[PDB]
Amino acid sequence: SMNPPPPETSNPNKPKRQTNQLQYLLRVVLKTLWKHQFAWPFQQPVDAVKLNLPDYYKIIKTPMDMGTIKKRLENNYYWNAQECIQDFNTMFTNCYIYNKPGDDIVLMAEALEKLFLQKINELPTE
Ligand SMILES: COc1cc(/C=C/C(=O)O)ccc1O
């Protein structure tokens, strides 16, 4: 009946960079997924209390969501594109771990992940 602290979006102890790939990840990848009709479940940490999913954070130990990714990108939290790509894949993975195949939420994750994959296919060279 309690949500964990969300993932950090700011860490002054963490070295940070602005690379053209990270810019792509914000301006193209995030923006494309964020605007999608199916983005809303993924635009903020899972509120396991409001969704009455007390076991969500028992099962999901590496939570990730696009709200967090967005803030991280906006805050230049990352060092490289792979960190950010990993966050996206963590988000998708958590969905597929927690839910069943064919669940609406999985279909939404899959639709977003298809766009994710299409966009990162044209990730520019550094
Ligand atoms: C069904 O479980 C999930 C729910 C959500 C979001 C729900 C919402 O914002 O209402 C996100 C990921 C999940 O795996």
# chains A, B, ... in the order shown; residues from 1 in each chain; ligands from 1
$ closest_atom_pairs --of "chain A" --to "ligand 1" --cutoff "6 Å" --atoms "only C-alpha atoms and all ligand atoms" --output "CSV"
residue,atom,partner,partner_atom_place_in_ligand_line,distance
A:41,CA,ligand 1,9 (O),3.6
A:42,CA,ligand 1,11 (C),5.6
A:46,CA,ligand 1,6 (C),5.3
A:95,CA,ligand 1,14 (O),4.0
A:98,CA,ligand 1,14 (O),5.5
A:99,CA,ligand 1,14 (O),5.8
A:105,CA,ligand 1,1 (C),5.6
$ residues_around --residues "residue 19 in chain A" --least-positions-apart "6" --cutoff "9 Å" --atoms "only C-alpha atoms" --output "JSON, numbers by chain"
{"A": [79, 80, 81, 126]}
$ write_last_selection --atoms "C-alpha atoms" --output "PDB file, in the first residue's frame"
ATOM      1  CA  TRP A  79      26.322   9.915 -20.016  1.00  0.00           C
ATOM      2  CA  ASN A  80      25.471   7.954 -23.163  1.00  0.00           C
ATOM      3  CA  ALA A  81      22.612   6.789 -25.324  1.00  0.00           C
ATOM      4  CA  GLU A 126      28.027   9.931 -32.493  1.00  0.00           C
TER       5      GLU A 126
END
$ closest_residue --among "A:76, A:118, A:89, A:68" --to "residue 44 in chain A" --atoms "only C-alpha atoms"
A:68
$ residues_around --residues "residue 40 in chain A" --least-positions-apart "4" --cutoff "12 Å" --atoms "only C-alpha atoms" --output "ChimeraX atom specification"
/A:33-36,44-46,65-67,105,108-109,112
$ write_last_selection --atoms "C-alpha atoms" --output "CSV table (one decimal), in the first residue's frame"
chain,number,residue,atom,x,y,z
A,33,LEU,CA,6.5,7.6,-27.9
A,34,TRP,CA,5.2,10.3,-25.5
A,35,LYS,CA,2.6,11.5,-28.0
A,36,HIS,CA,1.3,8.1,-28.8
A,44,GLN,CA,4.9,8.3,-14.9
A,45,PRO,CA,5.9,5.7,-12.3
A,46,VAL,CA,3.3,2.9,-11.8
A,65,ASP,CA,8.8,4.9,-17.0
A,66,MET,CA,8.9,7.6,-19.7
A,67,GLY,CA,8.2,10.3,-17.2
A,105,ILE,CA,-1.1,-2.9,-21.2
A,108,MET,CA,0.4,-0.8,-25.5
A,109,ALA,CA,3.9,-1.6,-24.5
A,112,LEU,CA,5.4,1.7,-28.1
$ atom_distance --atom1 "CA of residue 20 in chain A" --atom2 "CA of residue 63 in chain A"
26.2 Å
$ closest_residue --among "A:88, A:77, A:3, A:31" --to "residue 48 in chain A" --atoms "only C-alpha atoms"
A:3
$ residues_around --residues "residue 86 in chain A" --least-positions-apart "3" --cutoff "12 Å" --atoms "only C-alpha atoms" --output "list in words"
residues 25, 62, 63, 64, 65, 66, 69, 78, 80, 81, 82, 83, 89, 90, 91, 92, 93, 94, 116 and 120 of chain A
$ write_last_selection --atoms "N, CA, C and O atoms" --output "PDB file, in the first residue's frame"
ATOM      1  N   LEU A  25      17.459  10.899 -28.771  1.00  0.00           N
ATOM      2  CA  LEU A  25      16.619  10.105 -27.884  1.00  0.00           C
ATOM      3  C   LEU A  25      15.505  10.942 -27.277  1.00  0.00           C
ATOM      4  O   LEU A  25      14.413  10.425 -27.001  1.00  0.00           O
ATOM      5  N   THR A  62      13.238  -3.061 -10.730  1.00  0.00           N
ATOM      6  CA  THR A  62      13.905  -1.985 -11.451  1.00  0.00           C
ATOM      7  C   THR A  62      12.845  -1.213 -12.209  1.00  0.00           C
ATOM      8  O   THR A  62      12.712  -1.356 -13.428  1.00  0.00           O
ATOM      9  N   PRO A  63      12.050  -0.408 -11.503  1.00  0.00           N
ATOM     10  CA  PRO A  63      10.988   0.360 -12.164  1.00  0.00           C
ATOM     11  C   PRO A  63      11.565   1.376 -13.134  1.00  0.00           C
ATOM     12  O   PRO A  63      12.598   1.986 -12.875  1.00  0.00           O
ATOM     13  N   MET A  64      10.877   1.570 -14.252  1.00  0.00           N
ATOM     14  CA  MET A  64      11.268   2.629 -15.163  1.00  0.00           C
ATOM     15  C   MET A  64      10.035   3.031 -15.950  1.00  0.00           C
ATOM     16  O   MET A  64       9.142   2.219 -16.175  1.00  0.00           O
ATOM     17  N   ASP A  65       9.986   4.304 -16.323  1.00  0.00           N
ATOM     18  CA  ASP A  65       8.836   4.864 -17.007  1.00  0.00           C
ATOM     19  C   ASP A  65       9.322   6.042 -17.832  1.00  0.00           C
ATOM     20  O   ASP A  65      10.424   6.550 -17.620  1.00  0.00           O
ATOM     21  N   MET A  66       8.479   6.485 -18.770  1.00  0.00           N
ATOM     22  CA  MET A  66       8.875   7.562 -19.669  1.00  0.00           C
ATOM     23  C   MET A  66       8.884   8.922 -18.992  1.00  0.00           C
ATOM     24  O   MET A  66       9.576   9.832 -19.469  1.00  0.00           O
ATOM     25  N   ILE A  69      12.281   8.856 -17.744  1.00  0.00           N
ATOM     26  CA  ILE A  69      13.187   9.014 -18.878  1.00  0.00           C
ATOM     27  C   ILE A  69      13.163  10.445 -19.390  1.00  0.00           C
ATOM     28  O   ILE A  69      14.209  11.032 -19.691  1.00  0.00           O
ATOM     29  N   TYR A  78      22.023  11.528 -18.407  1.00  0.00           N
ATOM     30  CA  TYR A  78      22.757  10.399 -18.933  1.00  0.00           C
ATOM     31  C   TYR A  78      24.160  10.805 -19.343  1.00  0.00           C
ATOM     32  O   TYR A  78      24.447  11.969 -19.645  1.00  0.00           O
ATOM     33  N   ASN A  80      25.524   8.433 -21.795  1.00  0.00           N
ATOM     34  CA  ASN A  80      25.471   7.954 -23.163  1.00  0.00           C
ATOM     35  C   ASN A  80      24.078   7.456 -23.516  1.00  0.00           C
ATOM     36  O   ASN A  80      23.198   7.272 -22.662  1.00  0.00           O
ATOM     37  N   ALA A  81      23.902   7.226 -24.818  1.00  0.00           N
ATOM     38  CA  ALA A  81      22.612   6.789 -25.324  1.00  0.00           C
ATOM     39  C   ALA A  81      22.227   5.434 -24.757  1.00  0.00           C
ATOM     40  O   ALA A  81      21.048   5.174 -24.512  1.00  0.00           O
ATOM     41  N   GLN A  82      23.207   4.555 -24.543  1.00  0.00           N
ATOM     42  CA  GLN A  82      22.886   3.198 -24.112  1.00  0.00           C
ATOM     43  C   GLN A  82      22.196   3.196 -22.751  1.00  0.00           C
ATOM     44  O   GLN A  82      21.270   2.409 -22.520  1.00  0.00           O
ATOM     45  N   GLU A  83      22.626   4.067 -21.839  1.00  0.00           N
ATOM     46  CA  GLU A  83      21.922   4.199 -20.563  1.00  0.00           C
ATOM     47  C   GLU A  83      20.446   4.474 -20.794  1.00  0.00           C
ATOM     48  O   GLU A  83      19.570   3.872 -20.163  1.00  0.00           O
ATOM     49  N   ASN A  89      14.127  -0.037 -22.491  1.00  0.00           N
ATOM     50  CA  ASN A  89      13.960  -1.487 -22.495  1.00  0.00           C
ATOM     51  C   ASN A  89      13.561  -2.012 -21.120  1.00  0.00           C
ATOM     52  O   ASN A  89      12.774  -2.959 -21.014  1.00  0.00           O
ATOM     53  N   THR A  90      14.087  -1.412 -20.052  1.00  0.00           N
ATOM     54  CA  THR A  90      13.641  -1.782 -18.714  1.00  0.00           C
ATOM     55  C   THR A  90      12.151  -1.537 -18.557  1.00  0.00           C
ATOM     56  O   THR A  90      11.422  -2.378 -18.013  1.00  0.00           O
ATOM     57  N   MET A  91      11.683  -0.390 -19.040  1.00  0.00           N
ATOM     58  CA  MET A  91      10.264  -0.082 -18.966  1.00  0.00           C
ATOM     59  C   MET A  91       9.435  -1.127 -19.688  1.00  0.00           C
ATOM     60  O   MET A  91       8.427  -1.621 -19.159  1.00  0.00           O
ATOM     61  N   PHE A  92       9.818  -1.453 -20.923  1.00  0.00           N
ATOM     62  CA  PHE A  92       9.066  -2.460 -21.662  1.00  0.00           C
ATOM     63  C   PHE A  92       9.133  -3.801 -20.951  1.00  0.00           C
ATOM     64  O   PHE A  92       8.112  -4.464 -20.738  1.00  0.00           O
ATOM     65  N   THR A  93      10.338  -4.193 -20.551  1.00  0.00           N
ATOM     66  CA  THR A  93      10.550  -5.478 -19.894  1.00  0.00           C
ATOM     67  C   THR A  93       9.686  -5.626 -18.654  1.00  0.00           C
ATOM     68  O   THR A  93       9.108  -6.694 -18.415  1.00  0.00           O
ATOM     69  N   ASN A  94       9.595  -4.572 -17.846  1.00  0.00           N
ATOM     70  CA  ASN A  94       8.799  -4.650 -16.629  1.00  0.00           C
ATOM     71  C   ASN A  94       7.360  -4.936 -16.964  1.00  0.00           C
ATOM     72  O   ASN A  94       6.698  -5.723 -16.285  1.00  0.00           O
ATOM     73  N   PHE A 116       9.685   2.579 -30.696  1.00  0.00           N
ATOM     74  CA  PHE A 116      11.020   2.686 -30.125  1.00  0.00           C
ATOM     75  C   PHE A 116      12.057   2.047 -31.038  1.00  0.00           C
ATOM     76  O   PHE A 116      13.037   2.687 -31.438  1.00  0.00           O
ATOM     77  N   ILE A 120      15.093   3.950 -32.899  1.00  0.00           N
ATOM     78  CA  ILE A 120      16.495   3.748 -32.554  1.00  0.00           C
ATOM     79  C   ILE A 120      17.244   3.063 -33.684  1.00  0.00           C
ATOM     80  O   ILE A 120      18.476   3.138 -33.732  1.00  0.00           O
TER      81      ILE A 120
END
$ atom_distance --atom1 "CA of residue 74 in chain A" --atom2 "CA of residue 49 in chain A"
27.5 Å
$ atom_distance --atom1 "CA of residue 107 in chain A" --atom2 "CA of residue 1 in chain A"
26.8 Å
$ select_by_dssp --residues "chain A" --states "helix (DSSP H, G or I)" --output "NGL selection string"
:A and (20-34 or 40-42 or 56-59 or 66-74 or 81-98 or 104-120)
$ closest_residue --among "A:100, A:13, A:114, A:2" --to "residue 55 in chain A" --atoms "only C-alpha atoms"
A:2
$ closest_residue --among "A:111, A:73, A:60, A:51" --to "residue 4 in chain A" --atoms "only C-alpha atoms"
A:60
$ closest_residue --among "A:97, A:102, A:57, A:70" --to "residue 22 in chain A" --atoms "only C-alpha atoms"
A:70
